[PDB]
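Take a look at the structure below.
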Amino acid sequence: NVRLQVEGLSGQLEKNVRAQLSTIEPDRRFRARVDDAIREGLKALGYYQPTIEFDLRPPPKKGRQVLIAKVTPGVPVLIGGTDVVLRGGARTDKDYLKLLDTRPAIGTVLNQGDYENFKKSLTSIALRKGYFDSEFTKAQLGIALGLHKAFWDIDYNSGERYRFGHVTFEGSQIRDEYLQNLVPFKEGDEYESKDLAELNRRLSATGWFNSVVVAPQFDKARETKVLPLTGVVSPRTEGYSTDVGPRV
């Protein structure tokens, strides 16, 4: 029942380590696993060559057995260059241009998560806006430890923005003309993921169905850039005398 203690660390570094530590659950094998863990925490934050000296304290009177680890981060890797190219609709797209500005400046300390996040952001704007052919020609976080420098190389192609095709409904007790009135976009409008959510919600506001499943048809779209939707719905169906005769 062992306690890890880290001395020598401060700030964000301290936290990224401590976190990386509670990760594990007292011999040389276990100590090495601790050394590894501390090293992962520092790399992510730009420290590839630290020093870790362990002091293992004897199983105490009673209570909890301390393993200290005294850490000197050392010299950090700095961003020495970014080469990010955006091709396809992303080249001029307001949100891809916005993201391009969050690249780190030459000279700042390497943070791997900035790089991980950045790539995840491009994929996320692509999915929200229908750039379904989105691909990276290159995507490399390179570390030249000779130079203490890190380089981003990203060559990213959004491709063209797909367009909404026709919505076909099936199972419905409501006639098509009326479903078609509810679709929040015109055929040939540029895709936007939030219009799928708004289609779902408009459908629900009518009370007509108790189930809808809206499936984009990708198999076609791949080569026309027009995405038909299929909406499979299941309908929801749940004082005076009848014995009044007619006017005689």
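Convention: chains lettered A, B, ... in structure tokens order; per-chain residue numbering from 1; ligands numbered from 1 as shown.
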
### Query
Using only C-alpha atoms, which residues sit within 12 Å of residue 10 of chain A once same-chain residues fewer than 5 positions away are excluded, as number ranges by chain?
A: 15-18, 42, 70-73

What does the file look like for those residues with C-alpha atoms, as a PDB file, in the first residue's frame?
ATOM      1  CA  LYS A  15      -0.028  18.126 -12.276  1.00  0.00           C
ATOM      2  CA  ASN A  16       0.593  16.325 -15.574  1.00  0.00           C
ATOM      3  CA  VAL A  17       2.978  14.042 -13.636  1.00  0.00           C
ATOM      4  CA  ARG A  18       0.798  13.410 -10.476  1.00  0.00           C
ATOM      5  CA  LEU A  42       7.209  15.326 -19.111  1.00  0.00           C
ATOM      6  CA  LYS A  70      13.143  13.801  -7.088  1.00  0.00           C
ATOM      7  CA  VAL A  71      12.705  15.255 -10.587  1.00  0.00           C
ATOM      8  CA  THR A  72      14.666  17.795 -12.565  1.00  0.00           C
ATOM      9  CA  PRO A  73      12.667  18.401 -15.842  1.00  0.00           C
TER      10      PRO A  73
END

### Message
Can you tell me which residues surround segment 47-57 of chain A at a distance of at most 9 Å, considering only C-alpha atoms, apart from same-chain residues fewer than 2 positions away, and format the answer as a ChimeraX atom specification?
### Response
/A:31,35,38-45,59-60,65-77,109-110,145

With C-alpha atoms kept, could you save the residues just selected as an mmCIF file, in the first residue's frame?
data_model
loop_
_atom_site.group_PDB
_atom_site.id
_atom_site.type_symbol
_atom_site.label_atom_id
_atom_site.label_comp_id
_atom_site.auth_asym_id
_atom_site.auth_seq_id
_atom_site.Cartn_x
_atom_site.Cartn_y
_atom_site.Cartn_z
ATOM 1 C CA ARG A 31 9.899 1.538 -9.722
ATOM 2 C CA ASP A 35 9.957 6.118 -13.948
ATOM 3 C CA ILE A 38 6.903 10.278 -15.008
ATOM 4 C CA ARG A 39 8.732 10.413 -18.332
ATOM 5 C CA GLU A 40 5.464 10.267 -20.358
ATOM 6 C CA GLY A 41 4.121 13.243 -18.375
ATOM 7 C CA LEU A 42 7.209 15.326 -19.111
ATOM 8 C CA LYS A 43 7.555 14.489 -22.895
ATOM 9 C CA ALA A 44 3.915 15.605 -23.382
ATOM 10 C CA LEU A 45 4.935 18.856 -21.884
ATOM 11 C CA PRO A 59 7.910 0.328 5.569
ATOM 12 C CA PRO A 60 6.887 2.888 8.199
ATOM 13 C CA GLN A 65 5.108 3.273 2.539
ATOM 14 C CA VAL A 66 6.776 6.297 0.842
ATOM 15 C CA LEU A 67 8.660 6.163 -2.462
ATOM 16 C CA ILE A 68 9.966 9.695 -3.160
ATOM 17 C CA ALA A 69 10.999 10.638 -6.716
ATOM 18 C CA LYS A 70 13.143 13.801 -7.088
ATOM 19 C CA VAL A 71 12.705 15.255 -10.587
ATOM 20 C CA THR A 72 14.666 17.795 -12.565
ATOM 21 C CA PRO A 73 12.667 18.401 -15.842
ATOM 22 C CA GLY A 74 15.760 19.619 -17.613
ATOM 23 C CA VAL A 75 15.974 21.251 -20.883
ATOM 24 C CA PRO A 76 12.798 21.581 -22.922
ATOM 25 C CA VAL A 77 12.134 20.975 -26.662
ATOM 26 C CA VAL A 109 7.797 24.964 -25.460
ATOM 27 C CA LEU A 110 6.491 21.830 -27.180
ATOM 28 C CA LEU A 145 16.444 16.129 -29.981
#

### Task
Fewer than 3 positions away in the same chain doesn't count, so skip those; otherwise give me all residues within 8 Å of residue 202 of chain A, counting only C-alpha atoms, as a ChimeraX atom specification.
/A:182-183,198-199,205-206

Write the residues of the preceding selection, restricted to N, CA and C atoms, as an mmCIF file, in the first residue's frame.
data_model
loop_
_atom_site.group_PDB
_atom_site.id
_atom_site.type_symbol
_atom_site.label_atom_id
_atom_site.label_comp_id
_atom_site.auth_asym_id
_atom_site.auth_seq_id
_atom_site.Cartn_x
_atom_site.Cartn_y
_atom_site.Cartn_z
ATOM 1 N N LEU A 182 -41.319 20.038 -43.703
ATOM 2 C CA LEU A 182 -40.559 20.073 -42.454
ATOM 3 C C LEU A 182 -39.022 20.052 -42.658
ATOM 4 N N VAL A 183 -38.502 19.506 -43.757
ATOM 5 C CA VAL A 183 -37.047 19.412 -43.908
ATOM 6 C C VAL A 183 -36.442 20.859 -43.841
ATOM 7 N N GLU A 198 -31.843 19.335 -36.212
ATOM 8 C CA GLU A 198 -32.983 20.161 -36.365
ATOM 9 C C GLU A 198 -34.058 19.407 -37.184
ATOM 10 N N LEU A 199 -33.696 18.517 -38.096
ATOM 11 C CA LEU A 199 -34.677 17.742 -38.798
ATOM 12 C C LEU A 199 -35.316 16.810 -37.754
ATOM 13 N N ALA A 205 -41.543 17.737 -33.004
ATOM 14 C CA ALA A 205 -42.455 18.767 -32.535
ATOM 15 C C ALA A 205 -43.886 18.539 -33.109
ATOM 16 N N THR A 206 -44.020 17.720 -34.151
ATOM 17 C CA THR A 206 -45.310 17.502 -34.789
ATOM 18 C C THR A 206 -46.156 16.439 -34.029
#

Each segment 226-247 of chain A residue no farther than 6 Å from segment 148-165 of chain A, nearest pair in Å, only C-alpha atoms, as CSV:
residue,atom,partner,partner_atom,distance
A:226,CA,A:163,CA,4.6
A:227,CA,A:165,CA,4.8
A:228,CA,A:165,CA,4.2

Write out, as a short mmCIF file (atom, residue, chain, number, x, y, z; two decimals), in the first residue's frame, the residues just selected, with C-alpha atoms.
data_model
loop_
_atom_site.label_atom_id
_atom_site.label_comp_id
_atom_site.auth_asym_id
_atom_site.auth_seq_id
_atom_site.Cartn_x
_atom_site.Cartn_y
_atom_site.Cartn_z
CA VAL A 226 -24.81 14.91 -52.79
CA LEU A 227 -25.98 13.06 -49.69
CA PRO A 228 -29.57 11.60 -49.88
#

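If you count only C-alpha atoms and ignore residues fewer than 5 places along the chain from residue 117 of chain A, what sits within 12 Å of it is residues 99, 102, 103, 111, 112, 122, 123 and 124 of chain A.
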
#### Entry: Long-range neighbours of residue 184 of chain A as a count of residues only, 12 Å cut-off, only C-alpha atoms, 3 positions minimum in chain
22

Per-residue nearest contacts of segment 81-121 of chain A to segment 127-142 of chain A (12 Å; only C-alpha atoms) as JSON lines:
{"residue": "A:81", "atom": "CA", "partner": "A:142", "partner_atom": "CA", "distance": 10.0}
{"residue": "A:82", "atom": "CA", "partner": "A:141", "partner_atom": "CA", "distance": 9.6}
{"residue": "A:83", "atom": "CA", "partner": "A:139", "partner_atom": "CA", "distance": 10.0}
{"residue": "A:84", "atom": "CA", "partner": "A:139", "partner_atom": "CA", "distance": 9.0}
{"residue": "A:85", "atom": "CA", "partner": "A:138", "partner_atom": "CA", "distance": 9.7}
{"residue": "A:86", "atom": "CA", "partner": "A:136", "partner_atom": "CA", "distance": 9.4}
{"residue": "A:87", "atom": "CA", "partner": "A:134", "partner_atom": "CA", "distance": 9.6}
{"residue": "A:88", "atom": "CA", "partner": "A:134", "partner_atom": "CA", "distance": 8.8}
{"residue": "A:89", "atom": "CA", "partner": "A:131", "partner_atom": "CA", "distance": 8.0}
{"residue": "A:90", "atom": "CA", "partner": "A:131", "partner_atom": "CA", "distance": 8.7}
{"residue": "A:93", "atom": "CA", "partner": "A:129", "partner_atom": "CA", "distance": 10.4}
{"residue": "A:94", "atom": "CA", "partner": "A:129", "partner_atom": "CA", "distance": 11.6}
{"residue": "A:95", "atom": "CA", "partner": "A:129", "partner_atom": "CA", "distance": 10.0}
{"residue": "A:96", "atom": "CA", "partner": "A:129", "partner_atom": "CA", "distance": 10.9}
{"residue": "A:110", "atom": "CA", "partner": "A:141", "partner_atom": "CA", "distance": 10.0}
{"residue": "A:111", "atom": "CA", "partner": "A:141", "partner_atom": "CA", "distance": 10.4}
{"residue": "A:112", "atom": "CA", "partner": "A:141", "partner_atom": "CA", "distance": 8.1}
{"residue": "A:113", "atom": "CA", "partner": "A:141", "partner_atom": "CA", "distance": 10.8}
{"residue": "A:114", "atom": "CA", "partner": "A:141", "partner_atom": "CA", "distance": 10.7}
{"residue": "A:115", "atom": "CA", "partner": "A:141", "partner_atom": "CA", "distance": 7.4}
{"residue": "A:116", "atom": "CA", "partner": "A:141", "partner_atom": "CA", "distance": 9.1}
{"residue": "A:118", "atom": "CA", "partner": "A:139", "partner_atom": "CA", "distance": 10.8}
{"residue": "A:119", "atom": "CA", "partner": "A:139", "partner_atom": "CA", "distance": 8.3}
{"residue": "A:120", "atom": "CA", "partner": "A:127", "partner_atom": "CA", "distance": 10.7}
{"residue": "A:121", "atom": "CA", "partner": "A:127", "partner_atom": "CA", "distance": 9.9}

Can you write out the residues you just picked, keeping N, CA and C atoms, as an mmCIF file, in the first residue's frame?
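Contents of the output file result_37.cif:
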data_model
loop_
_atom_site.group_PDB
_atom_site.id
_atom_site.type_symbol
_atom_site.label_atom_id
_atom_site.label_comp_id
_atom_site.auth_asym_id
_atom_site.auth_seq_id
_atom_site.Cartn_x
_atom_site.Cartn_y
_atom_site.Cartn_z
ATOM 1 N N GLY A 81 9.440 25.098 -35.848
ATOM 2 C CA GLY A 81 8.882 25.387 -37.155
ATOM 3 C C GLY A 81 7.556 24.701 -37.314
ATOM 4 N N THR A 82 6.650 25.334 -38.058
ATOM 5 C CA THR A 82 5.395 24.683 -38.414
ATOM 6 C C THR A 82 5.215 24.840 -39.904
ATOM 7 N N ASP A 83 4.788 23.745 -40.509
ATOM 8 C CA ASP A 83 4.461 23.789 -41.881
ATOM 9 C C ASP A 83 3.067 23.133 -41.963
ATOM 10 N N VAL A 84 2.038 23.995 -41.960
ATOM 11 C CA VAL A 84 0.665 23.509 -42.059
ATOM 12 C C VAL A 84 0.029 24.001 -43.335
ATOM 13 N N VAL A 85 -0.347 23.104 -44.250
ATOM 14 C CA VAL A 85 -1.070 23.508 -45.443
ATOM 15 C C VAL A 85 -2.512 22.928 -45.416
ATOM 16 N N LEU A 86 -3.480 23.734 -45.828
ATOM 17 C CA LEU A 86 -4.910 23.319 -45.872
ATOM 18 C C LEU A 86 -5.310 23.334 -47.287
ATOM 19 N N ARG A 87 -5.807 22.227 -47.812
ATOM 20 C CA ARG A 87 -6.204 22.261 -49.228
ATOM 21 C C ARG A 87 -7.718 21.921 -49.318
ATOM 22 N N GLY A 88 -8.326 22.197 -50.465
ATOM 23 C CA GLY A 88 -9.721 21.897 -50.748
ATOM 24 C C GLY A 88 -10.498 23.058 -50.164
ATOM 25 N N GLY A 89 -11.782 22.859 -49.800
ATOM 26 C CA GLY A 89 -12.624 23.981 -49.296
ATOM 27 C C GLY A 89 -12.043 24.603 -48.035
ATOM 28 N N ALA A 90 -11.235 23.840 -47.331
ATOM 29 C CA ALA A 90 -10.678 24.344 -46.103
ATOM 30 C C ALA A 90 -9.724 25.492 -46.302
ATOM 31 N N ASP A 93 -11.924 28.406 -45.892
ATOM 32 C CA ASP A 93 -13.064 28.264 -45.012
ATOM 33 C C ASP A 93 -12.822 29.011 -43.751
ATOM 34 N N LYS A 94 -13.791 29.851 -43.344
ATOM 35 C CA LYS A 94 -13.728 30.679 -42.116
ATOM 36 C C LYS A 94 -13.240 29.910 -40.865
ATOM 37 N N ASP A 95 -13.710 28.667 -40.726
ATOM 38 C CA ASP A 95 -13.408 27.941 -39.457
ATOM 39 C C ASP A 95 -12.037 27.244 -39.568
ATOM 40 N N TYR A 96 -11.697 26.744 -40.750
ATOM 41 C CA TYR A 96 -10.331 26.188 -40.887
ATOM 42 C C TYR A 96 -9.313 27.345 -40.738
ATOM 43 N N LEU A 110 7.275 22.868 -26.585
ATOM 44 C CA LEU A 110 6.491 21.830 -27.180
ATOM 45 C C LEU A 110 5.429 21.362 -26.180
ATOM 46 N N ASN A 111 4.212 21.241 -26.711
ATOM 47 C CA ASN A 111 3.121 20.604 -26.044
ATOM 48 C C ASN A 111 2.463 19.683 -27.076
ATOM 49 N N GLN A 112 2.583 18.404 -26.825
ATOM 50 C CA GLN A 112 2.068 17.414 -27.695
ATOM 51 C C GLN A 112 0.558 17.472 -27.859
ATOM 52 N N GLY A 113 -0.173 17.742 -26.768
ATOM 53 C CA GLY A 113 -1.620 17.845 -26.842
ATOM 54 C C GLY A 113 -2.093 18.986 -27.740
ATOM 55 N N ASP A 114 -1.382 20.129 -27.805
ATOM 56 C CA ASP A 114 -1.733 21.162 -28.786
ATOM 57 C C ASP A 114 -1.751 20.554 -30.186
ATOM 58 N N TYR A 115 -0.850 19.602 -30.426
ATOM 59 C CA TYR A 115 -0.698 19.073 -31.750
ATOM 60 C C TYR A 115 -1.813 18.065 -32.002
ATOM 61 N N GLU A 116 -2.032 17.167 -31.049
ATOM 62 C CA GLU A 116 -3.132 16.178 -31.037
ATOM 63 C C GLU A 116 -4.503 16.872 -31.206
ATOM 64 N N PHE A 118 -5.025 19.786 -32.418
ATOM 65 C CA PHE A 118 -5.163 20.545 -33.607
ATOM 66 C C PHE A 118 -5.679 19.584 -34.673
ATOM 67 N N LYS A 119 -5.119 18.390 -34.768
ATOM 68 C CA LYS A 119 -5.558 17.477 -35.781
ATOM 69 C C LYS A 119 -7.018 17.055 -35.547
ATOM 70 N N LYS A 120 -7.423 16.987 -34.287
ATOM 71 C CA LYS A 120 -8.739 16.505 -33.949
ATOM 72 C C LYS A 120 -9.675 17.625 -34.360
ATOM 73 N N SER A 121 -9.238 18.887 -34.244
ATOM 74 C CA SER A 121 -10.092 19.985 -34.663
ATOM 75 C C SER A 121 -10.389 20.029 -36.155
#

How would you write, as a PDB file with C-alpha atoms, in the first residue's frame, the set of residues in segment 1-223 of chain A that DSSP gives as strand (DSSP E or B)?
ATOM      1  CA  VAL A   2       2.470   2.529  -1.467  1.00  0.00           C
ATOM      2  CA  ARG A   3       2.594   6.301  -1.779  1.00  0.00           C
ATOM      3  CA  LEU A   4       4.249   8.129  -4.692  1.00  0.00           C
ATOM      4  CA  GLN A   5       5.756  11.483  -3.862  1.00  0.00           C
ATOM      5  CA  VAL A   6       7.198  13.861  -6.360  1.00  0.00           C
ATOM      6  CA  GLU A   7       9.594  16.573  -5.412  1.00  0.00           C
ATOM      7  CA  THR A  51      16.490  13.251 -14.198  1.00  0.00           C
ATOM      8  CA  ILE A  52      14.573  10.938 -11.860  1.00  0.00           C
ATOM      9  CA  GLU A  53      16.319   9.819  -8.563  1.00  0.00           C
ATOM     10  CA  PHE A  54      14.172   7.578  -6.322  1.00  0.00           C
ATOM     11  CA  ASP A  55      14.356   7.403  -2.529  1.00  0.00           C
ATOM     12  CA  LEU A  56      12.468   4.358  -1.178  1.00  0.00           C
ATOM     13  CA  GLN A  65       5.108   3.273   2.539  1.00  0.00           C
ATOM     14  CA  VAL A  66       6.776   6.297   0.842  1.00  0.00           C
ATOM     15  CA  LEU A  67       8.660   6.163  -2.462  1.00  0.00           C
ATOM     16  CA  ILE A  68       9.966   9.695  -3.160  1.00  0.00           C
ATOM     17  CA  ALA A  69      10.999  10.638  -6.716  1.00  0.00           C
ATOM     18  CA  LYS A  70      13.143  13.801  -7.088  1.00  0.00           C
ATOM     19  CA  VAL A  71      12.705  15.255 -10.587  1.00  0.00           C
ATOM     20  CA  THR A  72      14.666  17.795 -12.565  1.00  0.00           C
ATOM     21  CA  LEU A  78      10.899  24.138 -28.345  1.00  0.00           C
ATOM     22  CA  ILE A  79       8.784  24.572 -31.463  1.00  0.00           C
ATOM     23  CA  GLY A  80      11.248  25.233 -34.247  1.00  0.00           C
ATOM     24  CA  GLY A  81       8.882  25.387 -37.155  1.00  0.00           C
ATOM     25  CA  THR A  82       5.395  24.683 -38.414  1.00  0.00           C
ATOM     26  CA  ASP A  83       4.461  23.789 -41.881  1.00  0.00           C
ATOM     27  CA  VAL A  84       0.665  23.509 -42.059  1.00  0.00           C
ATOM     28  CA  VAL A  85      -1.070  23.508 -45.443  1.00  0.00           C
ATOM     29  CA  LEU A  86      -4.910  23.319 -45.872  1.00  0.00           C
ATOM     30  CA  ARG A  87      -6.204  22.261 -49.228  1.00  0.00           C
ATOM     31  CA  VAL A 109       7.797  24.964 -25.460  1.00  0.00           C
ATOM     32  CA  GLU A 135      -7.742  13.265 -45.451  1.00  0.00           C
ATOM     33  CA  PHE A 136      -4.146  14.110 -44.318  1.00  0.00           C
ATOM     34  CA  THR A 137      -1.398  13.673 -46.989  1.00  0.00           C
ATOM     35  CA  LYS A 138       1.113  14.177 -44.065  1.00  0.00           C
ATOM     36  CA  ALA A 139       0.709  14.626 -40.438  1.00  0.00           C
ATOM     37  CA  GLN A 140       3.918  14.370 -38.366  1.00  0.00           C
ATOM     38  CA  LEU A 141       5.062  15.745 -35.012  1.00  0.00           C
ATOM     39  CA  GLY A 142       8.861  15.498 -35.514  1.00  0.00           C
ATOM     40  CA  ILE A 143      11.339  15.861 -32.662  1.00  0.00           C
ATOM     41  CA  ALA A 144      15.015  16.680 -33.410  1.00  0.00           C
ATOM     42  CA  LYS A 149      13.457  21.498 -31.627  1.00  0.00           C
ATOM     43  CA  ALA A 150       9.987  20.082 -32.615  1.00  0.00           C
ATOM     44  CA  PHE A 151       8.304  20.492 -36.017  1.00  0.00           C
ATOM     45  CA  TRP A 152       4.724  20.215 -37.130  1.00  0.00           C
ATOM     46  CA  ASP A 153       4.213  19.045 -40.670  1.00  0.00           C
ATOM     47  CA  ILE A 154       0.523  18.764 -41.691  1.00  0.00           C
ATOM     48  CA  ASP A 155      -0.681  18.591 -45.151  1.00  0.00           C
ATOM     49  CA  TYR A 156      -4.479  18.433 -44.923  1.00  0.00           C
ATOM     50  CA  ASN A 157      -7.164  18.215 -47.682  1.00  0.00           C
ATOM     51  CA  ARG A 163     -24.453  18.835 -50.370  1.00  0.00           C
ATOM     52  CA  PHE A 164     -27.812  17.607 -48.991  1.00  0.00           C
ATOM     53  CA  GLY A 165     -29.704  15.500 -51.494  1.00  0.00           C
ATOM     54  CA  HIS A 166     -33.395  14.442 -51.261  1.00  0.00           C
ATOM     55  CA  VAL A 167     -35.017  13.108 -48.051  1.00  0.00           C
ATOM     56  CA  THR A 168     -37.006   9.944 -48.706  1.00  0.00           C
ATOM     57  CA  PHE A 169     -39.469   8.983 -45.880  1.00  0.00           C
ATOM     58  CA  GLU A 170     -40.718   5.497 -45.224  1.00  0.00           C
ATOM     59  CA  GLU A 190     -24.317  22.478 -48.238  1.00  0.00           C
ATOM     60  CA  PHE A 209     -44.158   9.499 -34.810  1.00  0.00           C
ATOM     61  CA  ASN A 210     -42.770   7.622 -31.956  1.00  0.00           C
ATOM     62  CA  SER A 211     -39.614   6.570 -33.685  1.00  0.00           C
ATOM     63  CA  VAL A 212     -37.502   8.150 -36.456  1.00  0.00           C
ATOM     64  CA  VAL A 213     -34.184   6.821 -37.783  1.00  0.00           C
ATOM     65  CA  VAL A 214     -32.494   9.256 -40.291  1.00  0.00           C
ATOM     66  CA  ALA A 215     -29.644   7.590 -42.242  1.00  0.00           C
ATOM     67  CA  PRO A 216     -27.478   9.619 -44.714  1.00  0.00           C
TER      68      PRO A 216
END

### Query
Hey, can you check how far atom CA of residue 107 of chain A sits from atom CA of residue 12 of chain A?
18.7 Å

### Message
Based on the backbone DSSP call, show me all residues of segment 179-227 of chain A assigned helix (DSSP H, G or I), as a PyMOL selection string.
### Response
chain A and resi 179-182+193-205+218-224
